[PDB]
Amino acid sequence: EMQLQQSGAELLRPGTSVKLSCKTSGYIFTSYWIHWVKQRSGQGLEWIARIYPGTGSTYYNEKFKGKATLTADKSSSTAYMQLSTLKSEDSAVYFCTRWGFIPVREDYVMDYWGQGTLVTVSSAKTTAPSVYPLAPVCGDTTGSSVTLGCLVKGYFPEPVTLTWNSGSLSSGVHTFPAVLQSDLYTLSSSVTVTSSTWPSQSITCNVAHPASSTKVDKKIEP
């Protein structure tokens, strides 16, 4: 089991620098090239650079010379990418990947990818979210089934973690992508259950905002 684990989301101030890490396991780290790729606003990928950890040899896309510096620590099987003097265009998700092309064979081995690291370049302050329970009035769906909701608003920056009944309730839940407005994000989630489950047994919304060390559970009461 070959695995690449990347570091967590970063909020960086304009003009500063960040070092992203990509820890690997399950294969001989020094024998394969590690590439870094950038993704902005969904479909929009760009190739940054590649490094051969065995020798330290690196090749950069001209656009990123001076922006990105790749290193790799053989003793820990970790590749790093430092980004310097961050600006608007640098806000993106960055992926590391053991791409798998073997130059000597002129053929490919399976590609393995890290989960991605989201970098947000902003000077806006970190704000904890307010979590509000949404109990039905008309959005009761009548009988048979009923839908409840959870409103998470006024936080910065992304992301927030939202579950229902500690993750025990995953079927019929819809979590909507957060939307930014006036320097604060708002996110919502709905869960549909049978009229027999709720209000009988309790339904709770669990929310976590790492950036502000906030963890809150809201019980949807009638």
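Quick note: we count residues from 1 along the sequence shown, nothing fancier.
Output the stretch having the higher mean C-alpha B factor in the entry; the candidates are 138-146 and 104-112.
Here the higher of the two C-alpha B-factor means belongs to 138-146.
As stated in the PDB record, which stretch has the larger average Cα B-factor, 129-137 or 71-79?
On average, C-alpha B-factors are higher across 129-137.
Among 40, 63, 153, 50, which residue carries the highest C-alpha B-factor recorded in the PDB entry?
By C-alpha B-factor in the record, 40 ranks first.
Which of these, 165, 31, 175, 58, has its C-alpha atom at the highest B-factor, as the entry lists it?
In the PDB entry, the greatest C-alpha B-factor among 165, 31, 175, 58 is found at 165.
Where does residue 21 sit by CA temperature factor within its chain: lowest, middle or highest third?
According to the entry, residue 21 has a C-alpha B-factor in the chain's lowest third.
Going by what the PDB entry lists, where does residue 186 fall on CA B-factor within its chain: lowest, middle or highest third?
Residue 186: CA B-factor falls in the middle third of its chain.
Place residue 9 in the lowest, middle or highest third of its chain's C-alpha B-factors, as listed in the PDB entry.
Bottom third by C-alpha B-factor.
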